[PDB]
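This is what each chain is made of:
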Amino acid sequence: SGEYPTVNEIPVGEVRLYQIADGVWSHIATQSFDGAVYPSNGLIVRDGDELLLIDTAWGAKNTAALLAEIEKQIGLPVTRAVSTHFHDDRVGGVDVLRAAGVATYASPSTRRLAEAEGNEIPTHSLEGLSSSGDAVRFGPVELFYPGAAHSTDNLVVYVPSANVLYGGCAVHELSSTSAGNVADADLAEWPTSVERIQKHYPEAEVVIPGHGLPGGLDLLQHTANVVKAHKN
Ligand SMILES: C[C@@H](c1cccc2c(-c3ccc(CS(C)(=O)=O)c(F)c3)c(C(=O)O)[nH]c12)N1CC(CCCN)OC1=O
Ligand SMILES: [Zn+2]
Ligand SMILES: [Zn+2]
């Protein structure tokens, strides 16, 4: 009923949308992994009379439910999707998207890692993002590669019309107590990558983490703080 949703409102298999700004929504779903349940976020950005999707809803059935929820709540077609790194919370559901008319994109690094992991593989490669600090335009967003953080391939997304910074899994929510799933992380480079984000997007008004509640720019410093303590 208006607050940002959590698992206690999200059974696995259901998707909720949350209006972030004009023409910007997050999507929230939940999934089981290794016997625990987690929420995860993605983004939807209005692109004229179409929609750009950032990240799947963490699995095939969640992603089908996402498309249904978008049709119910927004009613514009999703034409393109970008996955911001290679893990299942970002690409699991790409096959569903591809069979629903959506053109799927990721960096070549993400595509290679997804293929090696046995995860679903976006169709199209996003060039121009291979060096930290690189940025490219993609419809109504800017894609930015900050350097290695949660993963070596993680991308962040900026919506300039609304000053919305979608950090993906390189950014944690303010309540976080540790740096999340660090299996593929670079804890030593992560603060430097976060500093790059802070320097590039100083006018961000909303910051959305890969998992958990949006807030403001403090999410970036908080992330650096929890990661430094995790490394140590
Ligand atoms: C599918 C993904 C994965 C699965 C399960 C959980 C997460 C988490 C996670 C965990 C805890 C918290 C709360 S908190 C900040 O307070 O701790 C959280 F916010 C996020 C993250 C992430 O942090 O983004 N991602 C997860 N996977 C799979 C995987 C294995 C790759 C092996 N090569 O690696 C990975 O990330
Ligand atoms: Zn991940
Ligand atoms: Zn994640």
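Residues numbered from 1 in each chain as written, not as in the entry; some residues may be left out. Chains lettered and ligands numbered in written order. Heavy atoms only, no water.

Per the deposited record, X-ray crystallography is how this structure was determined, to a resolution of 1.25 Å.

Looking at the PDB entry, one finds the chain named Beta-lactamase VIM-1 and attributed to Pseudomonas aeruginosa. As deposited in the PDB, this entry carries the title "Crystal structure of the metallo-beta-lactamase VIM1 with 2728". Looking at the Cofactor (unreviewed entry) heading of the UniProt record, one finds this comment for the chain: "Zn(2+)". Taken from UniProt, the Sequence similarities (unreviewed entry) comment for the chain reads in full: "Belongs to the metallo-beta-lactamase superfamily. Class-B beta-lactamase family." (UniProt positions renumbered as here; feature names shortened; annotations may be inferred.)

Details of the coordination of the zinc ion (ligand 2)
Around the zinc ion (ligand 2), the protein contributes the donor atoms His85 (NE2), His87 (ND1) and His150 (NE2), at 2.0 to 2.1 Å from the metal centre. Linear spacing of the donor residues for the zinc ion (ligand 2) on their chain is H-x1-H-x62-H. If you look at the zinc ion (ligand 2) and the zinc ion (ligand 3), they sit 3.6 Å from each other. Pair noted here: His87 is in the loop between β5 (78–82) and α2 (88–91) and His150 is in the loop between β9 (141–144) and β10 (156–159), with a separation of 63 residues, a long-range link. Each member of the pair, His87 as well as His150, carries the same accessibility label: buried. (Donors = N, O, S within 2.8 Å, 3.2 Å for Na, K, Ca; no water. Helix = DSSP H or I, 4+ residues; strand = E, 2+ residues; numbered from the N terminus. Buried < 20%, exposed > 50% of the residue type's maximum accessible area, 1.4 Å probe, protein only.)

Re the environment of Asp89
Residue placement: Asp89 occurs in helix α2. Owing to a relative accessible area of 6%, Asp89 belongs among the buried residues under this scheme. Separated by 32 residues in the primary sequence, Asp89 and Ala57 have C-alpha atoms spaced 6.4 Å apart. Excluding its chain neighbours within four sequence positions, the residues that come into contact with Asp89 are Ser40, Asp55, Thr56, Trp58, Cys169 and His211. (Contact = heavy atoms within 4.5 Å.)

A look at the site of ligand 1
The environment of ligand 1 is formed by 16 residues, the closest being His87, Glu117, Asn181, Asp184 and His211. Within the contact set of ligand 1, an oxygen atom lies 3.2 Å away from a side-chain nitrogen or oxygen of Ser178. Between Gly180 and ligand 1, the recorded distance is 3.3 Å, taken from a backbone N or O atom to an oxygen atom. With respect to the detected pockets, ligand 1 is housed in the largest pocket. For the shell around ligand 1, the residue count by class is four nonpolar, nine polar and three charged. (Near = heavy atom within 4 Å. Polar contact = N/O pair within 3.5 Å; in protein donor to acceptor, adjacent residues only side chain to side chain. 1 Å grid on protein atoms, 1.4 Å probe; cavity = no way out; pocket = protein on both sides within 12 Å on 5 of 7 lines; lining within 4 Å. Sits in = over half its atoms within 2 Å of the grid points. Nonpolar A, V, L, I, M, F, W, Y, C, P; charged D, E, K, R; others polar.)

With respect to the coordination of the zinc ion (ligand 3)
The zinc ion (ligand 3) binds to the protein through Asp89 (OD), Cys169 (SG) and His211 (NE2); the donor distances cover 2.1 to 2.4 Å. Taken together, the four donor atoms coordinating the zinc ion (ligand 3) span angles of 81 to 161° at the metal, a pattern that classifies the geometry as irregular. Its relative accessible area of 22% is what places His211 among the partly exposed residues. (Tetrahedral: all angles 85-135°; square planar, octahedral: opposite > 155°, others 65-115°.)

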